[PDB]
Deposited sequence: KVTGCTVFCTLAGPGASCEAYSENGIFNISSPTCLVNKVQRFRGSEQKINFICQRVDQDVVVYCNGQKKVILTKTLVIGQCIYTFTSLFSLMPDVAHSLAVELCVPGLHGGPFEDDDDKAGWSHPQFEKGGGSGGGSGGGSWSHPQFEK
């Protein structure tokens, strides 16, 4: 399915989403273990290891690096927020390595 997480304290807050429904979902690092909703919210207490979610038979890995890139965008968007027409695009340009 699709997994989206943002940082929360020392860990992460996540959503799993599948348009046709989430039938099973588990994680070695996060508090989710269920075997039909299309959205499931869960947390990960630490992100020392990357976020690993098994969802509908598919292994998903959201790297902690990827989470930090997303936090970078949030932080620099806020820093530039008196220029609201350009803040988000400026933050993406600074924060995403391969651009």
Where the model has no C-alpha, note the corresponding stretch of the deposited sequence, numbering from 1.
1 to 4, 40 to 44, 109 to 149
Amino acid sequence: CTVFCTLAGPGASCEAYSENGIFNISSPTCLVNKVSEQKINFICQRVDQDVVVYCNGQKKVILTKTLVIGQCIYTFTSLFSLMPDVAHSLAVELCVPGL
From here on, numbers count along this sequence of modelled residues.
Per the PDB entry, mean CA B-factor is higher for 15 to 23 or 84 to 92, namely for 15 to 23
Is the mean CA B factor in the deposited entry higher across 47 to 55 or across 61 to 69?
47 to 55
When the deposited Cα B-factors of this chain's modelled residues are ordered and cut into thirds, is residue 99 in the lowest, the middle or the highest one?
highest
Which third of the chain does residue 1 land in by C-alpha B-factor: lowest, middle or highest?
highest
